[PDB]
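Summary of structural features
The primary structure of each chain is shown beneath.
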Amino acid sequence: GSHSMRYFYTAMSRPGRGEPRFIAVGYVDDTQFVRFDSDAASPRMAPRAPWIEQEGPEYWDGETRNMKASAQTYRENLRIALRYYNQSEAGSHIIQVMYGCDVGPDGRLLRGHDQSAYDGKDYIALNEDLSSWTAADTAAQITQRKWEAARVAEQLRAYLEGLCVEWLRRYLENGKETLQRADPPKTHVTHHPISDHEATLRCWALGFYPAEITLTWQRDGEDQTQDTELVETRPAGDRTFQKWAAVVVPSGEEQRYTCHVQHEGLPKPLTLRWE
Amino acid sequence: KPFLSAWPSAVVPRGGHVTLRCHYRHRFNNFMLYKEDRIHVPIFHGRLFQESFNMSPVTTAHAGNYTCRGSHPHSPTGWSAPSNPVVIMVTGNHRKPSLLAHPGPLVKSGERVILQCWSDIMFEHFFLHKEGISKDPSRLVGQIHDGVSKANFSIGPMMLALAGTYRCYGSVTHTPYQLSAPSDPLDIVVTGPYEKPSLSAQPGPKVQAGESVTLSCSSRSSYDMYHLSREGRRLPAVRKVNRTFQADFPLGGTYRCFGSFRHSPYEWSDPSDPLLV
Amino acid sequence: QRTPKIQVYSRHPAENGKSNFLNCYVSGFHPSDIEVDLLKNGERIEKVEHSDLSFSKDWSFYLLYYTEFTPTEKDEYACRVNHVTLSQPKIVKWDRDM
Amino acid sequence: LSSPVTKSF
Ligand SMILES: *[C@@H]1O[C@H](CO)[C@@H](O)[C@H](O)[C@H]1NC(C)=O
Ligand SMILES: *[C@@H]1O[C@H](CO)[C@@H](O)[C@H](O)[C@H]1NC(C)=O
Ligand SMILES: *[C@@H]1O[C@H](CO)[C@@H](O)[C@H](O)[C@H]1NC(C)=O
């Protein structure tokens, strides 16, 4: 602990360019493990992580049925959205959904999530109590009174408290060696002249897991918070991550700058100096 | 390969209009069309469409199975692979068949319904079609029996995506893409799983010749609108002081009421308890 | 409508004459429809694979395109990206130091 | 495992 399981649905209309498309991906923490694309010949829920591949036929059958139903549902939801917002049937629109659970050190449920968006903007969300909704506009309000009538929140609460947590625990068990063993970053500092009076110091962290990490630059103990170039964390491609942090320094004071790295794969925090 | 599509519908009546679009390499720009067997013989004597092929008005000549090829220079032939087939079916060529629902048009969620399409005329094929833009019709062979041809379309497990208005068409042997006139429309409605409302009467269910009787449909759920149904009407709901939503239908027969929300005409709640007037 | 952020980088520390993987990581964009090509000496590398479409908590999409390459200092590698928010295709050249 | 709960808008 702690760990999370998330599902990401994307449903897209695209008149003239293709049939409506449904894509679903599953994550445990920062690792994707399943996917579904309705644009395949015979769409099936497919494995994306090696530790789920030895799950049996029953699992892929169940998930594929569920996903086909979800695809149908969300196509119709695109139609319904069209009516709700009084939009033309010639435009391209997108529904996004993310849902899932967070569990702690002992596998007990910490948090439930279920959020939905339409055309990039928040549409409707399940509240922390997992028994009510929050709608962002009037269409979303229609959806809310529908779901309240259908008692959706209770079924959702049921899924989040049981199946979601149990399967998450089983997954954390299937791939313990890659999901629960943090990979520490390989770190190093590089020097890149700008002017003859300025130079960039770049702190590199490579091949770390999981994705969350802290890279700071200190000038004699003070965090250069608002003068640090912090590039977004990026995937190496082998389920690990890369990050760097650059600080521009006056030449001759490279010594006064240190890079501090914290990551759960590290016993103690690192301090690096360019030499 | 290009993506071929018909707007707004592939099933189109005579006198109507349908546009064929060919999307290839992020362009609808430059394509040729083909029918079902002269596969490498472009129609209109090999006419190039610099624009989406608009057919208007639609005649029975237009009916057929289309594929398109996109202009791809620096390429084995200068043309792409064949696109997805798109069948233009022209309706209004024969007497309409009949369509009926078994057991009825009101279908509980998760349950199944049989849409039966039958006719006096010996149709070779039947097509079930749901009213809507970009929809494919379902085909079934016509069984001949006792002087009538018929076909049983099975629809289910019932969800909102299958609710709506249905028409069936017939086609004879030698003109497969020429369909009959549409049958009289059938509104298939899914009921539930929205909680059922309560039904009452004012002043009561016992009524004689002289005076008024109004049915009150009530629920704690925010139904936008109530439907009154008798065995064998539509009113907006008003929010009452005790936070109940209610409708009052000013009027024998057995009645039930169904709640429903806005912009969603084909999905109703579970039926209320019956109330006989 | 949101415009894509692009990163072009290797999976391992770049060393000339050694097997490696080239990554164009695109993110923060909306809608989903996007075009991404890995260029070598100006022209597309076929055998380019990409990850499945996912998105962030701000509902912005992200994708990883990648190919197997061998870095040399004669060859130049880049990534070309087109999107509805982009008037003209954006090209980001691979720099071993970024 | 993914949710079996229908979310019809
Ligand atoms: C349409 O044509 C394709 C090939 O040209 C064929 O495979 C398909 O069966 C045809 N569809 C119909 C409904 O005849
Ligand atoms: C077809 O539908 C109705 C009722 O199900 C009726 O004509 C007949 O019983 C059905 N035929 C079957 C199920 O073969
Ligand atoms: C709500 O108030 C109306 C008065 O118009 C009454 O007829 C109805 O029974 C009330 N509903 C409930 C649930 O008490």
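As for the overall build of chain A
Looking only at helices and strands, one finds five helices and 17 strands in chain A. With respect to the three principal axes, the spread of C-alpha positions in chain A is 65 × 45 × 40 Å. Within chain A, residue pairs in contact and separated by at least 24 positions form 52% of the contacts whose partners lie at least 6 positions apart. Accessible area for chain A stands at about 13000 Å²; split by element, carbon and sulfur atoms hold 45% of it.

Comments concerning the UniProt feature "disulfide bond" in chain A
All names here are of chain A. In this model the sulfur atoms of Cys 101 and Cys 164, a pair UniProt annotates as disulfide-bonded, sit 2.0 Å apart, close enough for the bond to be present. Highlighted residues: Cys 101 in strand β5 (residues 94-103) and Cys 164 in helix α4 (residues 163-174), separated in sequence by 63 residues. The same class applies to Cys 101 as to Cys 164, namely buried.

Some remarks on the UniProt feature "disulfide bond" in chain B
All names here are of chain B. Disulfide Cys 22/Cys 68 (UniProt): S-S 2.0 Å, present in this structure. A residue pair is termed long-range when its members are at least 10 positions apart, and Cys 22 in strand β3 (residues 18-23) and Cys 68 in strand β6 (residues 64-70) qualify at 46 residues. A sulfur-sulfur distance of 2.0 Å separates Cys 117 from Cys 168, so the disulfide listed by UniProt for this pair is formed here. Here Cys 117, found in strand β10 (residues 113-119), pairs with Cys 168, found in strand β15 (residues 164-171); they are 51 residues apart in sequence, far enough to count as distant.

What to know about the layout of surface pockets
If you add up the space inside the second largest pocket, you get close to 1800 Å³. If you go around the second largest pocket, you meet 46 residues; those closest to its centre are B:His26, C:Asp33, C:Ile34, C:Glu35 and C:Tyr65. Elements with a contribution of two residues or more to the lining of the second largest pocket: β2 (21-28) and β3 (31-37) of chain A together with β3 (34-40), β7 (61-69) and β8 (77-83) of chain C. When the residues that make up the lining of the second largest pocket are grouped by side-chain class, the tally is 18 nonpolar, twelve polar and 16 charged.

Topic: the state of the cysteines
All names here are of chain B. Following the criterion strictly, the structure yields six disulfides over all chains and no others. The partner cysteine of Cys 117 in its disulfide is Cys 168, sulfur to sulfur 2.0 Å. Taking the sign of the S-S torsion, 85 degrees for the link of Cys 117 and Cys 168, the bridge is right-handed. Across chain A, the way the bonded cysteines pair up, counted in sequence order, is 1-2, 3-4.

So, the sheet that holds strand β16 (residues 257-262) of chain A
Note on sheets: strands pair through backbone hydrogen bonds, and any given pair is parallel or antiparallel. Residues and elements named next belong to chain A. Judged by pairing direction, the sheet is antiparallel, and its four strands sit side by side in the order β12-β11-β16-β17 without closing on themselves. Two strands close off the open sheet at either side, each with one partner strand: β12 (222-223) and β17 (270-272). Where β16 and β17 come together, three bridges link them in antiparallel fashion. Looking at the pairing, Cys 259 lines up with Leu 272 of β17.

Topic: the pairing of β8(C)
Residues and elements named next belong to chain C. With respect to burial, β8 is a largely interior element, six of its seven residues being buried. Here β8 pairs with strand β9 (residues 90-93) via four bridges, running antiparallel. When the bridges of β9 are listed, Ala 78 appears paired with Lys 93. In this antiparallel pair of consecutive strands, β8 and β9, the connection spans six residues.

Topic: the interface of chain A and chain C
Across the boundary between the two partners, chain A contributes 35 residues, which contact 28 residues of chain C. For the chain A and chain C pair, buried surface summed over both sides reaches about 2600 Å², with 54% attributable to carbon and sulfur atoms. Ranking the residues of chain A by area buried against chain C places A:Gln96, A:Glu232 and A:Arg234 at the top, with a combined share of 19%. One can count four salt bridges joining chain A with chain C. With its nearest N and O atoms 3.3 Å apart, the salt bridge here joins A:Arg17 to C:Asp33. At the junction of chain A with chain C, the criterion picks out 22 residue pairs in polar contact. Of all the elements in the fold, those that place two or more residues in the side of chain A that touches chain C are β1 (3-12), β2, β3, β5, β6 (109-118), β10 (198-208), β14 (234-235) and β15 (241-250) of chain A. When grouped by side-chain class, the residues that make up the side of chain A that touches chain C number 16 nonpolar, ten polar and nine charged.

Points about the domain arrangement of chain B
Splitting chain B by domain gives domain 1 (1-93), domain 2 (94-192) and domain 3 (193-277). The C-alpha-based centres of domain 1 of chain B and domain 3 of chain B are spaced at 50 Å.

A few points about the sheet that holds strand β4 (residues 43-44) of chain C
Reading across the sheet, the four strands line up as β4-β3-β8-β9 (chain C) and stay open at both edges, with antiparallel pairing between neighbours. Sheet topology places β4 and β9 of chain C at the edges, where each strand pairs with a single neighbour.

A few points about the site of ligand 1
Residue and element names in this part refer to chain B. Looking at ligand 1, the residues that line it are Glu 36, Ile 39, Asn 65, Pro 85, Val 87 and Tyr 177. In the model, an oxygen atom of ligand 1 is placed 2.3 Å from a nitrogen or oxygen of the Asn 65 side chain. Here an oxygen atom of ligand 1 sits 3.3 Å away from a polar atom, N or O, in the side chain of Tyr 177. Protein chains bury 48% of the 360 Å² of accessible surface belonging to ligand 1 in isolation. Per-class residue counts for the shell around ligand 1 are four nonpolar, one polar and one charged.

Focus on the site of ligand 2
Residue and element names in this part refer to chain B. Surrounding ligand 2, one finds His 102, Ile 114, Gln 116 and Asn 152. Contacts to ligand 2 include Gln 116, whose side-chain N or O atom sits 3.0 Å from an oxygen atom. Within the side chain of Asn 152, an N or O atom sits 2.6 Å from an oxygen atom of ligand 2. In isolation ligand 2 exposes 340 Å². Once the protein is present, 35% of that is buried.

Focus on the arrangement of the chains
Ranking the five pairs of chains in contact by contact count places chains A and C at the top. Separated without contact, chain C and chain D have their nearest C-alpha atoms at a distance of 16 Å.

A word on the UniProt feature "domain: Ig-like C1-type" in chain A
UniProt tags residues 185-271 of chain A as "domain: Ig-like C1-type". The straight-line gap between the two end C-alpha atoms of residues 185-271 of chain A is 13 Å; of that span, 0% is helix and 57% is strand.

Details of helix α1 (residues 57-85) of chain A
For α1(A), built from 29 residues, the straight-helix expectation of 42 Å at 1.5 Å per residue is met to within 8% by its first-to-last C-alpha distance of 42 Å. Phi turns positive one or two residues past the end of α1(A), at A:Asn86, with a value near 50 degrees.

Considering the packing of aromatic side chains
For the coordinates displayed, the defined rule picks out 42 aromatic pairs over all chains. Relative to B:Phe49, the ring of B:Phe31 lies with its centre 5.3 Å away and its plane at 15 degrees, an arrangement referred to as stacked. Here B:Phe31 is found in strand β4 (residues 31-34), whereas its partner B:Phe49 is found in the loop between α1 (43-46) and β5 (53-55), with 18 residues between them in sequence. Comparing B:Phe31 with B:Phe49 shows no difference in burial state: the two are buried. Geometry around C:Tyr9 places A:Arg234 over its ring, the cationic atom sitting 3.8 Å from the centre.

Conventions adopted
- Residues numbered from 1 in each chain as written, not as in the entry; some residues may be left out.
- Chains lettered and ligands numbered in written order.
- Heavy atoms only, no water.
- Helix = DSSP H or I, 4+ residues; strand = E, 2+ residues; numbered from the N terminus.
- Contact = heavy atoms within 4.5 Å.
- Areas by Shrake-Rupley, 256 points an atom, 1.4 Å probe, with all protein chains shown as cover.
- Disulfide = S-S within 2.5 Å.
- UniProt positions renumbered as here; feature names shortened; annotations may be inferred.
- Buried < 20%, exposed > 50% of the residue type's maximum accessible area, 1.4 Å probe, protein only.
- 1 Å grid on protein atoms, 1.4 Å probe; cavity = no way out; pocket = protein on both sides within 12 Å on 5 of 7 lines; lining within 4 Å.
- Points joined across faces, edges and corners; volume = space filled by probe spheres on them.
- Nonpolar A, V, L, I, M, F, W, Y, C, P; charged D, E, K, R; others polar.
- Pairing = 2+ DSSP bridges.
- Buried area = accessible area lost by both parts, 1.4 Å probe.
- Salt bridge = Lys/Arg side-chain N within 4 Å of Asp/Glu carboxyl O.
- Polar contact = N/O pair within 3.5 Å; in protein donor to acceptor, adjacent residues only side chain to side chain.
- Domains from an automatic or database assignment.
- Near = heavy atom within 4 Å.
- Expected span 1.5 Å × (residues − 1).
- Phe/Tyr/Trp six-rings, centres within 6.5 Å; stacked < 30°, edge-to-face > 60°.
- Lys NZ or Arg CZ within 6 Å of the ring centre and 35° of its normal.

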